[PDB]
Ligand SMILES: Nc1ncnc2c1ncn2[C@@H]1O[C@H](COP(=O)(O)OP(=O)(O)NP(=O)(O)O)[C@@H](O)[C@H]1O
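Just one chain follows, in the form solved without the named molecule, and it is written as structure tokens.
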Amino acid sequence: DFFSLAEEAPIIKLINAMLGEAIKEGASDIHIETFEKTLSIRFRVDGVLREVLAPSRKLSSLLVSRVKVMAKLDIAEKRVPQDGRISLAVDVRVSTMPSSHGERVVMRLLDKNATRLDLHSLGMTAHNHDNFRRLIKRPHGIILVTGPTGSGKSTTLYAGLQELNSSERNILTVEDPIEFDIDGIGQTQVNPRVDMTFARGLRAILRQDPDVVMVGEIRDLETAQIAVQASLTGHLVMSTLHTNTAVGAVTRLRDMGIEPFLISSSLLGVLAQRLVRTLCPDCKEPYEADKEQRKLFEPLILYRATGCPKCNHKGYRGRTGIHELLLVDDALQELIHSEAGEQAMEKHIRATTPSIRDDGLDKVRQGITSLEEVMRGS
């Protein structure tokens, strides 16, 4: 019990008890901060921030170090931001930050399970959903899920793999690290301790007679090269890159050193993805689009954020994907092979497929999210 212990390493035991009390209360965040004359611990539960303890300023340097080791961070470093992860099942993100009386730390505490969705719960529109299900059922080629960090690329990969997880396929994975176990799917973790890297593991994966193979991310030329070869020898391969557009995936493959022709004969599709917060149904306010907002699309009724208790910070509860699914055809292969560039590839793709903005803009029309939340990402 955190509170009993507070009355009294015991620092390891305090920190763990605090984490335990935080989950027990349903708290989303823990803050440890140093003030000149005192130290402070705050918890946020359901948006509400509060001071749960104010122990001696002298403990500060120690609570900061303790959290640092747990998240695998530099105790010697004090002048710059640091971020790491712990899994305890609870995904805790830890952020330390230089501050005039000492590094402030925050522990973000997420439910690992709410992140686990099925393929029809990602917010794909009917078309994208239909086409993505046909893409993942193909015998061979590369399917890439792309977007910046926090796009939820891990979730969609997992949803897709799960859609395929039948005893008629052999689905193997290499991950850094494994997010959770799927069951039916052989999952492998990159372990630096034995030079077990994305490249080595994926190489071994191919001697395991797989039908489908997942790579956590393609980071280097070598992992890309093996991925391209896997996909050209009869395997369906799925991965991520953190590019900002669908067509931008082609470019990054090229810039890394993959032969333009080999990108053009291996790539099946690129699912570019973003997360937008879904407006709180309770306090979401209708309004009538002014002339400048109509330019972006009778009275057009959209919705605005505001804020209530069911949301907290802002009028949003939960989030949902918006996508642009790039599908390789004959004419796109020519454009990839000939290195025509992003502008020519997009222009080709627009005949059949809307941009992410338009997909987001469609959801705004539906009143699922705000115009701000879609535009701010573009």
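One rule holds for the numbers: they count along the sequence shown, beginning at 1.
Although not depicted, the form solved in complex with the named molecule is the subject of the following passage.
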| property | result |
| --- | --- |
| Interface residue in the bound PDB entry among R319, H337, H348, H31, criterion: non-hydrogen atom within 4.5 angstroms of the named molecule | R319 |
| Partner-contacting position among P148, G257, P281, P81 - heavy atom within 4.5 Å of the named molecule in the bound PDB entry | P148 |
| Site test, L117, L122 and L275 vs the named molecule in the bound PDB entry, non-hydrogen atom cutoff 4.5 Å | yes |
| Location of the named molecule contact in the bound PDB entry, chosen stretch of 43-51, 320-328, 348-356, 60-68 [non-hydrogen atom, 4.5 Å] | 320-328 |
| Exercise: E222 in contact with the named molecule in the bound PDB entry, heavy atom 4.5 Å | no |
| is_contact(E175, the named molecule) in the bound PDB entry, heavy atom dist at most 4.5 Å | no |
| Partner contact for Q229 in the bound PDB entry: the named molecule, 4.5 angstroms, heavy atom | no |
| Contact flag, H235 vs the named molecule in the bound PDB entry, heavy atom cut 4.5 Å | no |
| Heavy atom within 4.5 Å of the named molecule in the bound PDB entry - qualifying residues of 151-170 | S151, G152, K153, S154, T155 |
